[PDB]
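Below is one structure, written out as structure tokens; the observations come after it.
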Amino acid sequence: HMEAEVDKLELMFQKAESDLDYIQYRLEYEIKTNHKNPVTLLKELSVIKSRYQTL
Amino acid sequence: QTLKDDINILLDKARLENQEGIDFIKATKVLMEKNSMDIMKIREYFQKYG
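Order-wise, the sequence lines are chains O and Y.
Read left to right, the first sequence gives residues 0 to 34, 41 to 60 (the authors' numbering).
Using the authors' numbering, the first residue of the second sequence is number 52, and each one after it goes up by one.
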């Protein structure tokens, strides 16, 4: 009974997961297919914002 | 941008201070020659008087 209801809830969550999983899978695909980045840009900006005050 | 402004702006004040410096030493080294004659002219005078 409620066990059945819960079986549903679990089923839904599992869907939501594979939903999310797909969205991700796609983004990764669009990403792979094309060819800077903010990551190294921060490191560079700290190297400058530092040796400016040093200098 | 503001960072590249400051980092530029500073560079300017240093370009200057190397200048406002690099001609002082010469601007001073000309008053040196002037005060150097002006003593040698006073000295040559006081030895003789005439």
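Even for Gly, the Cβ is constructed at its ideal location relative to N, Cα and C.
Interface flag, residue i vs chain Y, CB-CB below 8 Å
i: O/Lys54; result: yes
i: O/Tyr57; result: yes
Neighbouring residues, chain Y, relative to residue i (Cβ below 9 Å)
i: O/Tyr21; result: Going along chain Y, no residue has its Cβ under 9 Å from O/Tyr21, so there is no contact; the nearest lies around 40 Å.
Partner residues on chain O for residue i, Cβ-Cβ distance less than 9 Å
i: Y/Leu54; result: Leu50, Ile53, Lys54 and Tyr57
Short CB-CB distance (under 8 Å) between residue i and chain O
i: Y/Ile73; result: no
Partner residues on chain O for residue i, Cβ-Cβ distance less than 8 Å
i: residue 22 of chain Y; result: Residue 22 of chain Y cannot be examined here, being either before or after the span of chain Y that is shown, 52 to 101.
Span of the alpha helix (DSSP H), counted from its first residue to its last, around residue i
i: Y/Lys80; result: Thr53 to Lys99
Where residue i sits in the DSSP three-state scheme
i: O/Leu60; result: coil
i: O/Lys41; result: coil
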